[PDB]
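To begin, one chain is listed below as structure tokens, in the form solved without the ligand.
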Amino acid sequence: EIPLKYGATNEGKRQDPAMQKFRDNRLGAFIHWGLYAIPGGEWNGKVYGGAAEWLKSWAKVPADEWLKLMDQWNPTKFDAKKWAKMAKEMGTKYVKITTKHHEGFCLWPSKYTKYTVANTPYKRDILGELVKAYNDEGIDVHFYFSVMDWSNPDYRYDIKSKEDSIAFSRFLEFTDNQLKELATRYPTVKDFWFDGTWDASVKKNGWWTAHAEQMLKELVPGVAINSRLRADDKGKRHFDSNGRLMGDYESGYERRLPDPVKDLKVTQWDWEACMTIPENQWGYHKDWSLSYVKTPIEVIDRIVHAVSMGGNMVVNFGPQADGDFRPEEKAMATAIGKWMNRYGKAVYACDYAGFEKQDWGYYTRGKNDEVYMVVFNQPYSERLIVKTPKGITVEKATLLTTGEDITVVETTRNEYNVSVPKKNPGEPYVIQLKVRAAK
């Protein structure tokens, strides 16, 4: 046991209703919108293959020149009600929005910097319009916030002098003032998801990360705070020096989800994965031919994968500079929503089932002991193997969409073959099991 002042304070999952709602939501969308949407990955004739929201860095653009993109910020097609309607039809229960990315441009009219939506041709409080519209559709709103800020000359990557230390203190005050402003201007916010906290400067200031968590929890009752914010006394991030999770949930698994056989430890804590549609573009990039672009079934597979291991999934969108979405993202949201309208009972408010993983797909467990078989890989055998834990039996199988009874055959003393449906559903599909626990 290493003694810590700024380590974990939660042991185990929060079970207050706000945390139950964050968890039960399960499926979210992410919005990455900022000045990077204007150049869209291209600067002075060169299209850079790196993440569009990092173009300032790829193209070595000075801060003042980058921020002059504000003069072009005029998203005339923006309509927050239409964004909320898109999110509703996708089946999302919450939306996570970039309030300020590394570039430092604020989507709300901050009084602590000039680099905001207020000082653009458009003028309007984009964030505030989104909060109202998503909340009107019954959708929770979460705030992404980058601590690292390329627009503020008090930022430091490391602290190598007294002068650095003084500047960085003033930077942390600024950061607090913005955070307090977000929490008070938009009191319906349900989560802060911090990014840009990896630098040595932040790791040396673990105390500040703990302070930020506490300060926001005091201002917003029941707010969730991600693990990525947090560093302990020794500069250990996400999990402290004693291996305990900091914040309210683990944020991670951006590229790759936990392995369903080897990473069952994640079932012990809340966690949320966030995913891009292309391989690694969060902001709007004009050229999606540069990397692999996931199909709707590949996204759906990741959504159900997360839920099956006790986690949430958030699907990222990078809106165009004009305030509309690209055709690939409209098609994705529509396809997800059509599947979720059919099969969403196996997703919303579901969790890890405690069954051995099988090849056909994933199990999820509902709030009243329903066990759902979500089938992505259809066996040529026409038999879906189900190995039950000790003491558990399968009493019935039903096709979710139609209520058709599905034959269940015992093959050995804890294993069944569940038949595939009489007609191939032609898409990933759900069979609902009724199970019984002995003694």
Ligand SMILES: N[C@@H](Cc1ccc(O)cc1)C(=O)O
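In this text, residue numbers run from 1 along the sequence as written. We call the rigid core whatever largest set of C-alpha positions still superposes within 1.5 Å between the two forms. Shifts are known only where both forms have a C-alpha.
One more form of this protein, solved in complex with the ligand, exists but is not displayed; see below.
This chain is displayed without the ligand, yet in the deposited complex the stretch 352-360 from 125-133, 332-340, 352-360, 171-179 comes within 4.5 Å of it by heavy atoms. This chain lacks the partner; the member of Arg326, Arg156, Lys286, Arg365 within 4.5 angstroms of the ligand in the deposited complex by a non-hydrogen atom is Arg365. Between the options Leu384, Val371, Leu55, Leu27, the residue in contact with the ligand in the deposited complex by a heavy atom within 4.5 angstroms is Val371.
In the deposited complex, the ligand stays beyond 4.5 Å of every heavy atom belonging to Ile2. With a 4.5 Å cutoff on heavy atoms, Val375 does not count as touching the ligand in the deposited complex; it lies far away. Interface residue remark: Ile392 is counted as part of the site for the ligand in the deposited complex, having a heavy atom within 4.5 Å. Proximity of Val435 to the ligand in the deposited complex falls within the 4.5 Å heavy atom cutoff. Segments of 3 or more consecutive residues in which every C-alpha moves by 2 Å or more between the shown form and the other one, counting only residues present in both forms and fitting on the core, reduce to a single one: 1-3.
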